[PDB]
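This chain uses plain numbering: 1 for the first residue, then up along the sequence. Values reported hereafter were calculated over all heavy atoms of this structure, with side chains retained and with hydrogens, waters and symmetry mates removed. Indexing begins at 1, ligand by ligand and atom by atom, following the structure's order.
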Amino acid sequence: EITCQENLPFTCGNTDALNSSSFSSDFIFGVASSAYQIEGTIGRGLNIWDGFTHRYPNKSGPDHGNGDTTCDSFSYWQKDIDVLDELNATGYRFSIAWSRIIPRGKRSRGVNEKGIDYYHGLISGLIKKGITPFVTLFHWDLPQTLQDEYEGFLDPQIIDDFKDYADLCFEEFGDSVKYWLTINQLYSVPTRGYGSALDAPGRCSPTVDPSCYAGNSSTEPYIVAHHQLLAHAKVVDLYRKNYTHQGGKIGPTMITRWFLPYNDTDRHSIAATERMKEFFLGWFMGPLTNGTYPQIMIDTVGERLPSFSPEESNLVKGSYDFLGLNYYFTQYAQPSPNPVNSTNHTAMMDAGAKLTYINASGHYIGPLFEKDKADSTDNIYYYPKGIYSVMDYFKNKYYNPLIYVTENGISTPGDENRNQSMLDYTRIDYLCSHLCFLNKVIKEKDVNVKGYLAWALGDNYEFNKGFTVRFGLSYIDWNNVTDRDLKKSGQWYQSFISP
Ligand SMILES: *[C@@H]1O[C@H](CO)[C@@H](O[C@@H]2O[C@H](CO)[C@@H](O[C@@H]3O[C@H](CO[C@H]4O[C@H](CO)[C@@H](O)[C@H](O)[C@@H]4O)[C@@H](O)[C@H](O[C@H]4O[C@H](CO)[C@@H](O)[C@H](O)[C@@H]4O)[C@@H]3O[C@@H]3OC[C@@H](O)[C@H](O)[C@H]3O)[C@H](O)[C@H]2NC(C)=O)[C@H](O[C@@H]2O[C@@H](C)[C@@H](O)[C@@H](O)[C@@H]2O)[C@H]1NC(C)=O
Ligand SMILES: *[C@@H]1O[C@H](CO)[C@@H](O[C@@H]2O[C@H](CO)[C@@H](O[C@@H]3O[C@H](CO)[C@@H](O)[C@H](O)[C@@H]3O[C@@H]3OC[C@@H](O)[C@H](O)[C@H]3O)[C@H](O)[C@H]2NC(C)=O)[C@H](O[C@@H]2O[C@@H](C)[C@@H](O)[C@@H](O)[C@@H]2O)[C@H]1NC(C)=O
Ligand SMILES: *[C@@H]1O[C@H](CO)[C@@H](O[C@@H]2O[C@H](CO)[C@@H](O)[C@H](O)[C@H]2NC(C)=O)[C@H](O)[C@H]1NC(C)=O
Ligand SMILES: *[C@@H]1O[C@H](CO)[C@@H](O[C@@H]2O[C@H](CO)[C@@H](O)[C@H](O)[C@H]2NC(C)=O)[C@H](O)[C@H]1NC(C)=O
Ligand SMILES: *CCS/C(Cc1ccccc1)=N\OS(=O)(=O)O
Ligand SMILES: CC(=O)N[C@@H]1[C@@H](O)[C@H](O)[C@@H](CO)O[C@H]1O
Ligand SMILES: *[C@@H]1O[C@H](CO)[C@@H](O)[C@H](O)[C@H]1NC(C)=O
Ligand SMILES: *[C@@H]1O[C@H](CO)[C@@H](O)[C@H](O)[C@H]1NC(C)=O
Ligand SMILES: *[C@@H]1O[C@H](CO)[C@@H](O)[C@H](O)[C@H]1NC(C)=O
Ligand SMILES: *[C@@H]1O[C@H](CO)[C@@H](O)[C@H](O)[C@H]1NC(C)=O
Ligand SMILES: *[C@@H]1O[C@H](CO)[C@@H](O)[C@H](O)[C@H]1NC(C)=O
Ligand SMILES: [Zn+2]
């Protein structure tokens with residue numbers, strides 16, 4: 001019987017109690033990263049994250065930091081491999097910058113052979129060290145030209161352009177890459193990029209944020225989400241019909257969260273909690289497993305929710321070999337009004353729920369996840385059991401899918417000096433507490449999880465936060481980004497992997 005801790009202090013940092021041997025022999029352990037966050041603009045065209053961070057510096061991060069140079073993985077990709085080698089990692093998730101291989105967006109406009117070579121070198125290097133690549137085709141960095149031509153994912157033209165880009169990736173890298181992720185965190189761009197405008201491209205309703213150049217927070221998130229599903233499905237169909245000889249697998253990336261009732265004895269809170277599962281997870285999982293949006297979304301969103309044609313429904317349904325599940329935290333849900341007529345209405349309001357980290361009786365869900373200096377009441381807290389609940393839910397609700405945890409991690413303040421940043425015991429606690437529960441859910445619920453990739457191989461530009469927070473298991477000095485030095489967490493993970 002496996003017992004896992006939910007509150008501080010944690011004792012899972014002892015590799016004598018918890019290690020890779022606790023999992024199946026073939027279980028993959030590694031770390032993850034994304035192109036915009038680690039490469040730098042050198043050698044690539046411009047994308048919407050360059051555009052967004054430059055047009056709206058205040059939105060790039062409190063420090064106005066962006067991905068211009070960041071940790072310079074373009075030049076130091078070998079150093080990334082060295083970190084993985086040091087960790088004895090068996091997996092590495094990275095993303096291909098569309099702007100690096102097709103700077104002009106549309107494939108017919110030509111490709112960047114040097115950009116293609118960059119990824120060939122990285123992939124060859126990973127394989128030579130026994131590291132299995134998990135490659136994300138689209139980690140939000142859409143070529144700026146496509147956003148300017150037709151507003152990217154807001155238009156159906158994105159489908160063919162994404163398909164042609166994916167085709168190039170399969171053609172060029174598919175002989176070596178056997179695990180593909182289509183779109184990173186399906187929920188994110190529709191809501192943050194077209195709803196709240198916290199993320200690129202930065203579209204929203206005029207009253208939601210006067211700085212948005214255009215948009216409609218009430219309708220656009222649904223249009224974008226719909227196109228993401230269609231684009232994703234078209235790419236999966238292309239992969240399975242034209243690249244089956246490669247013997248690989250492909251799937252979407254979902255940002256997952258668990259939800260608990262703000263008040264577990266209040267039917268309204270309980271209902272809001274179930275609505276959140278449907279609006280947050282079901283919005284994409286319903287189409288992916290059934291070819292239709294959840295009924296509660298159909299009923300609530302009405303005319304603002306696009307419909308799948310019979311052909312599209314068939315294309316989207318079952319469009320995955322596995323699911324890349326990112327997991328960070330869990331929230332309490334309570335009822336909230338949905339003012340559809342208000343000029344400030346956002347798609348996020350349709351769920352009719354308010355999310356918190358403290359419940360009705362004043363209980364904080366778990367240890368501190370992220371401290372918000374602007375407002376103490378806006379602090380995020382984590383919940384280790386959430387990963388168990390999410391995996392159990394996916395197996396029972398979404399037809400026992402093959403799963404790879406594609407992201408799981410925690411940040412530490414950017415204000416900390418080198419020594420403080422290196423002594424990241426809070427990260428060991430976060431990682432081990434989640435790994436305990438992941439092992440527990442695999443054994444108790446038989447969830448088909450075959451890999452775990454911790455977020456951020458190293459410190460990098462964090463979307464919306466600049467360099468004010470660090471997520472890496474390895475430290476990076478912003479005055480000399482060459483070195484990737486394993487922090488206490490990286491050293492612990494090394495021992496966890498090879499006890
Ligand atoms: C997994 O996918 C399944 C489909 O492959 C889902 O089952 C479908 O669920 C639909 C509801 O979402 C359901 O469609 C409704 O059908 C009603 C009856 O239509 C028949 O009878 C009519 C007689 O007058 C006739 O005119 C029709 O031609 C049909 O013969 C219909 O009245 C409904 O329309 C109203 O409600 C919808 C909102 O749901 C409104 O959009 C619409 O304007 C109207 O107000 C509705 O029809 C749909 O209307 C919208 C239109 O775009 C669609 O083309 C049209 O179908 C449908 O019958 C079933 N199909 C099957 C195979 O059972 C399944 O849904 C779950 O299970 C069903 C049974 C139901 O309980 C749902 O609530 C569940 O979510 C999906 N499962 C999951 C997990 O989501
Ligand atoms: C988690 O949710 C539950 C269920 O909603 C909360 O319990 C309910 O708390 C209500 C108070 O907010 C209770 O209603 C009140 O009852 C007293 C006594 O009769 C009455 O004088 C009040 O006017 C009020 O009555 C309601 O008034 C509005 C009407 O629409 C409604 O029909 C009336 O009932 C309610 O009875 C109670 N339900 C039950 C079954 O216990 C719960 O609140 C916490 O516990 C209750 C018992 C009370 O001590 C609250 O102060 C306390 O916050 C809530 N838990 C938390 C931590 O928020
Ligand atoms: C976002 O787009 C929606 C849809 O075009 C707008 O909602 C429409 O608003 C008009 C004017 O009040 C109504 O006549 C329609 O019935 C609404 N459509 C539906 C069914 O929602 C909404 O006003 C737009 N929001 C902003 C801020 O531009
Ligand atoms: C807020 O969360 C706390 C902690 O999960 C809940 O408290 C638990 O409630 C159960 C059921 O009454 C008890 O058996 C446990 O002993 C409680 N644990 C603790 C730490 O006190 C509490 O019920 C939640 N509040 C609401 C309104 O849902
Ligand atoms: C890549 C982070 S986006 C995310 C998870 C998260 C981590 C730290 C702080 C805030 C969020 N979830 O994406 S979304 O659910 O916010 O769209
Ligand atoms: C208050 C503040 O400092 N934030 C402003 C914001 O109000 C403004 O809409 C935006 C214009 O792009 O520029 C930000 O710096
Ligand atoms: C790994 O953890 C298990 C408990 O799950 C323990 O029995 C084993 O001794 C540990 N391995 C090492 C080498 O510490
Ligand atoms: C597979 O490739 C062929 C050759 O380019 C193409 O004709 C066909 O449409 C492709 N199948 C798809 C789009 O899945
Ligand atoms: C506008 O939206 C904001 C954010 O949800 C809300 O706080 C405010 O009350 C709304 N104003 C209106 C029109 O009620
Ligand atoms: C930058 O760091 C590298 C690796 O530690 C080192 O070799 C080089 O001398 C440093 N350059 C500076 C800033 O002096
Ligand atoms: C790396 O892991 C393999 C497989 O568990 C093990 O045989 C090998 O000794 C490890 N290498 C190091 C130096 O940890
Ligand atoms: Zn710049």
Side-chain angles (χ1 to χ4, degrees), residues 32-34 36-37 95 107 136 139-140 159-160 163-164 166-168 170-171 184-196 198-199 221 225 233-245 253-257 259 276 278-310 312-318 325-331 347-348 355 357 369-372 378-382 386 397-399 406-412 430 455-456 460-465 468-471:
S33 71
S34 91
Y36 184 73
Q37 303 179 269
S95 82
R107 186 176 177 182
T136 309
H139 203 116
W140 309 348
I159 299 165
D160 284 345
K163 180 184 181 179
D164 291 336
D167 184 70
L168 175 63
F170 300 148
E171 174 189 290
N184 181 61
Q185 303 188 170
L186 290 168
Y187 179 94
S188 305
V189 177
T191 60
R192 304 176 64 78
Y194 291 80
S196 59
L198 293 180
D199 289 12
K234 196 69 178 180
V235 166
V236 172
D237 177 77
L238 167 68
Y239 187 70
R240 302 200 291 199
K241 286 181 176 170
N242 289 3
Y243 294 93
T244 186
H245 62 278
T253 290
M254 285 285 295
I255 170 61
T256 69
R257 292 181 193 165
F259 298 102
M276 276 308 303
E278 290 286 79
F279 273 86
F280 192 86
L281 304 174
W283 189 1
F284 301 97
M285 292 309 300
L288 292 170
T289 60
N290 196 60
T292 63
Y293 288 117
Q295 192 63 52
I296 187 61
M297 293 195 70
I298 293 172
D299 295 344
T300 303
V301 186
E303 189 181 337
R304 289 178 292 119
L305 190 68
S307 58
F308 291 103
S309 66
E312 293 169 343
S313 178
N314 179 73
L315 182 68
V316 181
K317 180 182 178 183
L325 302 189
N326 289 0
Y327 175 79
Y328 289 96
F329 55 75
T330 291
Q331 295 160 310
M348 297 77 84
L355 310 171
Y357 298 98
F369 180 75
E370 180 179 43
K371 170 62 195 179
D372 192 335
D378 294 350
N379 287 356
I380 301 178
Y381 296 80
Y382 67 92
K397 176 79 172 182
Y398 299 122
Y399 308 92
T406 42
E407 285 184 33
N408 180 240
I410 186 171
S411 74
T412 51
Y430 179 93
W455 178 245
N460 50 66
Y461 163 79
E462 164 64 12
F463 294 111
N464 313 126
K465 307 295 174 57
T468 63
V469 297
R470 296 182 181 269
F471 269 97

Atom 52 (O) of ligand 1: closest protein heavy atom, distance to 0.1 Å, is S307 CB, 4.9 Å
Do any nitrogen or oxygen atoms of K465 lie less than 3.5 angstrom from nitrogen or oxygen atoms of ligand 5? no
Could you list the atoms of ligand 5 found under 4.0 angstrom from a heavy atom of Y187? 17 (O)
For the residue pair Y328 and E407, confirm or rule out a side-chain donor-acceptor distance under 3.5 Å. yes
Would you confirm whether any non-hydrogen atom of the protein falls under 4.0 Å from atom 7 (O) of ligand 8? no
From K371 atom NZ to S411 atom OG, the distance as rounded to the nearest 0.5 Å: 12.5 Å
Does any donor atom in the side chain of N408 or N326 lie under 3.5 Å from an acceptor atom in the other side chain? no
For ligand 5, is there an atom lying under 4.0 Å from some heavy atom of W455? no
Using side-chain hydrogen bond (donor to acceptor under 3.5 Å, both in side chains), reason through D167 and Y243 one step at a time and then give a plain yes or no. CA-CA 9 Å; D167 184 70; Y243 294 93; 2.7 Å; yes
For salt bridge (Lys or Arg N to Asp or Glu O under 4.0 Å), just list the numbers for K234 and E312, CA-CA rounded to whole Å, side-chain angles, deciding distance to a tenth of an Å, and then say yes or no. CA-CA 9 Å; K234 196 69 178 180; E312 293 169 343; over 6 Å; no
Distance from atom 13 (C) of ligand 8 to nearest protein heavy atom, with residue and atom: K163 NZ, 2.7 Å
Answer yes if the ring centres of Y357 and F369 are under 6.0 angstrom apart, and no otherwise. no
Please state which protein non-hydrogen atom is closest to atom 7 (C) of ligand 5 and give its distance, to 0.1 Å? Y328 CG, 3.9 Å
Among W140, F329, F280, the residue with a heavy atom nearest to atom 6 (C) of ligand 5 is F329
Could you list which atoms of ligand 5 come closer than 4.0 Å to a heavy atom of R192? 16 (O), 17 (O)
So, regarding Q295 and ligand 1 (criterion: nitrogen or oxygen to nitrogen or oxygen, under 3.5 Å), is there a contact or not? yes
Ionic contact status for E171 with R107, cut-off 4.0 Å: yes
For atom 78 (C) of ligand 1, which of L305, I296, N290 has the closest heavy atom? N290
Using distance alone, with no hydrogens and no angle criterion, decide if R192 and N464 have a side-chain donor and acceptor under 3.5 Å apart. yes
For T292, the ligand 1 atoms with a heavy-atom partner under 4.0 Å come out as 1 (C), 2 (O), 76 (C), 80 (O)
Using a strict cut-off of 4.0 Å, indicate which atoms of ligand 8 neighbour a heavy atom of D237. 14 (O)
Looking only at distance, does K241 have an N or O less than 3.5 Å from an N or O of ligand 8? no
Quick one: nearest non-hydrogen protein atom to atom 3 (C) of ligand 8, plus distance? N242 ND2, 3.7 Å
Heavy-atom proximity to atom 15 (O) of ligand 5 ranks first, among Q37, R257, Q185, for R257
